[PDB]
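Colleague: missing the sequence, but the structure's below:
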Ligand SMILES: Nc1ccnc2c1ncn2[C@@H]1O[C@H](CO)[C@@H](O)[C@H]1O
Ligand SMILES: Nc1ccnc2c1ncn2[C@@H]1O[C@H](CO)[C@@H](O)[C@H]1O
Ligand SMILES: Nc1ccnc2c1ncn2[C@@H]1O[C@H](CO)[C@@H](O)[C@H]1O
Ligand SMILES: Nc1ccnc2c1ncn2[C@@H]1O[C@H](CO)[C@@H](O)[C@H]1O
Ligand SMILES: Nc1ccnc2c1ncn2[C@@H]1O[C@H](CO)[C@@H](O)[C@H]1O
Ligand SMILES: Nc1ccnc2c1ncn2[C@@H]1O[C@H](CO)[C@@H](O)[C@H]1O
């Protein structure tokens, strides 16, 4: 069975995610479920799409990426299942949540989830995430052919992007464990930096500047980022996922 | 072959404790699968955990042990109980009623008190029976230890009381991720005149953004919500009538 | 076959990062079991993580890799160390002392520095060695890569210092039970020897919480054997406003 | 000379209690006229009494004391307040907001707390301040005791909150005419047929529609109301107070 | 000032009757208002007419009888004011409510109430009872000449009667405090009675028969009545007003 | 000059009868003030009315006539009695004991039987002596007719019996409060059968819906629920047993 990677905005504070996992193990006995996160802010599709970008790279090809942020649950908004160029399967509401992950790994095939046999038979309109997305992810992980899921659709719904302009960018995400600030400006779109978020030393890593000192760097994904060594730059500057311009 | 262990407690995820319980389980039952239901039950809150455990029997396989401990009585006269339900799933929890709703949903086919040291973690620490009795017994059962080896038959596990609806009810739980409000009134008991006009909806998106709505939640109980908003935040509303 | 990987970090659960580490581990070691110890270690806090890792060797099987990273030194001269203990468990962590208490509890039978690129994630990102060195090495070891292939022998992993308790008994609040508000000290209960006169009042010495009235104060030996103070069904930290490293005196 | 005393409470008419209050008043103020407004306020229901007291200032002379007590706080820290309004009428009630609507209609020219024992019934029984403070003070004021002798100035009497109507028009059934079954809302009529949730013909009076027929109108106070001609709309629709949307 | 005797179907459960009394005291300071009753069943003109029959006899000549049961309020149905042979004044809607009272005391003069000066200047169509009937009763009690009220009308509107026939009649009213049954058959139209409502002992008063025993008598008004001694005959027999009664 | 007439009966307010009595009184005594005590006494219930009349003498002026009639004996050998008490108030009622508690509280200074037709309503209807004897006599006395003109001296008005407490009288029907015949001075918490009852100054010293024990306005031990009906909760009716442990 495929490994199921699991993301949602439902949380860990009660039984709901656990019930989804139990349903998956019911459908696919012996399945491995790795949580990516369930702390996506409520209704926040863009945040989840950002969190899912690298998931295809760092998971095996024998994977189902199960993700649901679904304020459209129980409406005309269907669930989409996708095979990418890596050969991984992806299941999510067709509201664009898979946008960045699909840009990174490609769309080799995409169908709408309409076959009741891959659903949890009484799909509750308020919890399609469990009864359609999770159940379909488990059925696919068990080896159900993607073609059985429903009709081909040309392209999954896609989120829009306001890229950086040559430089002017934006704070895309904040490292909430540490206070580090990430931008959408790729570092290759270039030692010190004059930037508005002041002179920022360009560093390999955090510890090349004194403790509490400011620093600029390329994060794990390759995008320009700002930080304080052993400190929270967000806390100091009060910045929220804002501006950014490299002079 | 080993059962899947479903794991609930009020101990948390902020340090090693739950991880140590899981390591102990894997020591007792190598190759065991442990699915967390949640460990964010508010401290000492048995009723909250019982509410969270109600649907767990339905949505887990029959080859399951439900390991749950909310145990302010740990290291006292209050024993640990192990149960086989009508689905054939095993359940392990302190005999303080925490299994009440789960047992109402799935039945009591057999129940024994956990007294045999061979299913315990030999130096059971009085302050952490949850690990040394409940978790160790759940792992031994998952490994295939017969329930009869666990200790003496007891007629009924201790049960929590309920104040049902009369329509008058209470807010049973709040969806803490979203702010949705759940009641104990079954929907089987269009608009609603209610004290907490609410449009009766299939789902959240049948009303404008920030709009109020009434519906039947996943479990079938009347619930109130704001579309893409927190009704709890708006109304400041658990334990807090539908006019006909 | 594969070892169980026990996983600790200060990176969190609020986004994809820990999940990406787990996916990398499953890529390196298919069919691996990953048990989270915790990922809520306060940022940069090596001492807190070392305290959290002390009992991990005892309560995990011998066929285990303990993968832990709290790494404000990531991408610097500070290497990653891999250790075999007397229980035969493997441990992988930055060589900044994070493994100190775990190693005191289970011993150092062998320790090497992680320098071989074949056990790393080939483009190791300097800001995330925790993923690209620590996690990848933990997965390769769990898959059965010999520890000797990891790099050069080093005599002793870097060790954290300790300020133990003294007899006048004066120690400190080591940790606080953040779920419950219970207060833990570094004073072993066996140093004591029913009620306690202590500065943190008279504290009844109890087997467990429920031997005192609800909201009542109590003293006891916690799961690890160290003197602890609590309120029955209450938060002693909340009542007394105590935070970790605060002084504690046991009057004799 | 003496003021007319208008008398409201939730104590009832089924036994001697209201009569004993009236006797006490006549003891304090011989020759006083006591007109009952009502004593059938539902028990502990301050909001209902405040609604019932709104028009009382308009339809009584200026030489009046409005004596009202709904007092689940009797014998506690909750004092009794005495008020002079812009009409020059006096008002006596527990300072729990019961005078809210009456005061909004007639104004607060002066307000003091009743603390002087000389205007009280000397052994004030904690369970019946309504008699021993409110009624006795109303009688002493009706006899001509200066309001300033009653106790200390207080800036504003305690006031009940209101959830008014909103233009989307959504309001509530404020009161029901319990003699007839007519339904009153908080929507002023100043805010022909009506599309409403509770088609309603808009009428001058009840008899412009067939017997048992539905009708919408502006009641005596000017607020939108619904009724059945020679019938109980409450009985037909099962509507209770605090339950109205007017579609425009 | 005249004594005002006050009857309506509005009730005592809220402020309405009290507001009418306050209006009367505004118009006529120092006026005495005696309630006859305000528990007339809603819209029930016949019941009120029955209740008003003896009112002229048992009140002084210096009286205004103010009565309103007014489902026709705010319509073409005016208010009538009457002087009877006793010299008492009467004010009521011209829908027949004064029928029995007028049969007992006579019509010496009757006018329609049309002069705005005896009305409450903004007469609310839904509450003429207050703004016309009560205000006119108060103005008359203050000494306003009846001729100022409006135009002479020959006869007030009168209710019809289905009298008893030689003997057969009906249950006219039930004593709702006690369960006693009253008929329209005068006792002088007749020791024991064979009657359908059984042999009924003919008694001076209730206590001439055993407790719970049946009895026949002439009530205070002189009409044949049936009762149970210390019991409710209505409760036993389930009889409601208008039900036939036959004396054999 | 005329006395205030305080008026109690079991006849009711649902029709004209009480109003006709008041009109008769105003005919006899012009300018008289009539204060209703109550007319909702349960039918034929003399004991209930006697309980309701106990405090009436205290809280009314001395220049008063207390007119009360609960009269299932109307038009029989049972006469009407008129009384002057030690406060100097006059009282008129059927001589069936209805004045018992009021007289115990205020005393009997003089008592006569009402037999003089000049203080009656000349055609006294046997079924309504309450109007034609009791009310008319109350009005004539209020007008200043000497009590001695009313009829013959009688030594003691008929008196109701009492079963006192030994070492539930009424229920507050507006609120559900329970009153006993045990004086509070025959005594912080109470062990009682009607549970531990907190002894309170007033209702609001206990949580909403909470039980409480106290001394009512008259000084007798009483039980209540704060903002609730204790009668409704416990289904207790008057005369039911109570014991203080
Ligand atoms: N009040 C709400 C409004 C809109 N969506 C909600 C609400 N509550 C829960 N949800 C959504 O329901 C989904 C369940 O499939 C979750 O992904 C969540 O985003
Ligand atoms: N201060 C405390 C008082 C009562 N129970 C506690 C306390 N701290 C931890 N516990 C309980 O100990 C249990 C360990 O088995 C936990 O389930 C938890 O509820
Ligand atoms: N701003 C920062 C300063 C120092 N260390 C950081 C910072 N942000 C993340 N880290 C560290 O990077 C490590 C990644 O291997 C994490 O363990 C974390 O402690
Ligand atoms: N059981 C009760 C609880 C609270 N208030 C009460 C209770 N019984 C009577 N009262 C109040 O006492 C007041 C007497 O001043 C009345 O207005 C009434 O509202
Ligand atoms: N719904 C109604 C229909 C007809 N008459 C009414 C209605 N409500 C009140 N009234 C009448 O209005 C009169 C007010 O003058 C009252 O006498 C009463 O009978
Ligand atoms: N059916 C009845 C039996 C006995 N007494 C009655 C009955 N009906 C009325 N009465 C009494 O007649 C009295 C009139 O004086 C009232 O006080 C009342 O108690």
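Modeller: That came in fine, so what should we check first? Numbering: from 1, shown residues only, chains lettered A, B, ... in the order given. Ligands and ions are numbered 1, 2, ... in the order given.

Colleague: residue boundaries of the strands in chain A?
Modeller: Taking DSSP state E, the strands of chain A run over residues A:3-8, A:33-37, A:63-68, A:79-83, A:89-93, A:109-112, A:171-175, A:180-186, A:192-196, A:199-201, A:214-218, A:223-228, A:245-246.

Colleague: make a markdown table out of the ones you listed and add distance to residue E:210 and mean neighbour count.
Modeller: (C-beta placed from N, C-alpha, C; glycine too.) Converted to a markdown table, these look like this (distance: least, CB to CB, whole Å; neighbours: other CB atoms under 10 Å in any protein chain shown):
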| stretch | distance to residue E:210 | mean neighbour count |
| --- | --- | --- |
| strand A:3-8 | 83 | 26 |
| strand A:33-37 | 87 | 23 |
| strand A:63-68 | 83 | 28 |
| strand A:79-83 | 85 | 26 |
| strand A:89-93 | 85 | 29 |
| strand A:109-112 | 89 | 18 |
| strand A:171-175 | 95 | 20 |
| strand A:180-186 | 100 | 22 |
| strand A:192-196 | 107 | 14 |
| strand A:199-201 | 110 | 15 |
| strand A:214-218 | 107 | 22 |
| strand A:223-228 | 103 | 24 |
| strand A:245-246 | 108 | 18 |
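
Colleague: ok, which of those strands comes nearest ligand 1?
Modeller: strand A:63-68 (5.1 Å; CB to the nearest ligand atom).

Colleague: tilt between the closest one and strand A:89-93?
Modeller: 10 degrees (axes from the mean of the first three to the mean of the last three CA atoms, to 10 degrees).

Colleague: include distance to chain C when you put the strands of chain A into TSV, please.
Modeller: Shown next, in TSV, are these (distance: least, CB to the nearest CB, whole Å):
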stretch	distance to chain C
strand A:3-8	6
strand A:33-37	3
strand A:63-68	8
strand A:79-83	18
strand A:89-93	14
strand A:109-112	22
strand A:171-175	8
strand A:180-186	9
strand A:192-196	16
strand A:199-201	15
strand A:214-218	7
strand A:223-228	8
strand A:245-246	19
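
Colleague: so what's residue A:128 up against?
Modeller: A:68, A:70, A:73-74, A:79, A:93 (CB atoms under 8 Å, 6 or more residues apart in numbering or on different chains).

Colleague: among the strands of chain A, which is nearest ligand 3?
Modeller: strand A:223-228 (4.2 Å).

Colleague: angle of that closest one against strand A:192-196?
Modeller: Using the same axes, to 10 degrees: strand A:223-228 against strand A:192-196 is 90 degrees.

Colleague: if I look at residue A:32, how far off is ligand 1?
Modeller: 23 Å (CB to the nearest ligand atom, to the nearest Å).

Colleague: before we move on, the earlier item: how about a markdown table for the strands of chain A, with distance to residue A:163 added?
Modeller: As requested, the strands of chain A are exported to a markdown table (distance: least, CB to CB, whole Å):
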| stretch | distance to residue A:163 |
| --- | --- |
| strand A:3-8 | 24 |
| strand A:33-37 | 25 |
| strand A:63-68 | 23 |
| strand A:79-83 | 23 |
| strand A:89-93 | 23 |
| strand A:109-112 | 24 |
| strand A:171-175 | 11 |
| strand A:180-186 | 7 |
| strand A:192-196 | 18 |
| strand A:199-201 | 22 |
| strand A:214-218 | 17 |
| strand A:223-228 | 12 |
| strand A:245-246 | 14 |
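
Colleague: let's have these in CSV, adding distance to ligand 3.
Modeller: Below are the strands of chain A laid out as CSV (distance: least, CB to the nearest ligand atom, whole Å):
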stretch, distance to ligand 3
strand A:3-8, 21
strand A:33-37, 16
strand A:63-68, 24
strand A:79-83, 31
strand A:89-93, 27
strand A:109-112, 35
strand A:171-175, 6
strand A:180-186, 5
strand A:192-196, 16
strand A:199-201, 13
strand A:214-218, 8
strand A:223-228, 4
strand A:245-246, 20
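
Colleague: residue A:232 - how many residues pack around it?
Modeller: 18 (other CB atoms under 10 Å in any protein chain shown).

Colleague: what separation do you get for residue A:188 and ligand 2?
Modeller: 52 Å.

Colleague: contacts only, for that residue.
Modeller: residue A:222.
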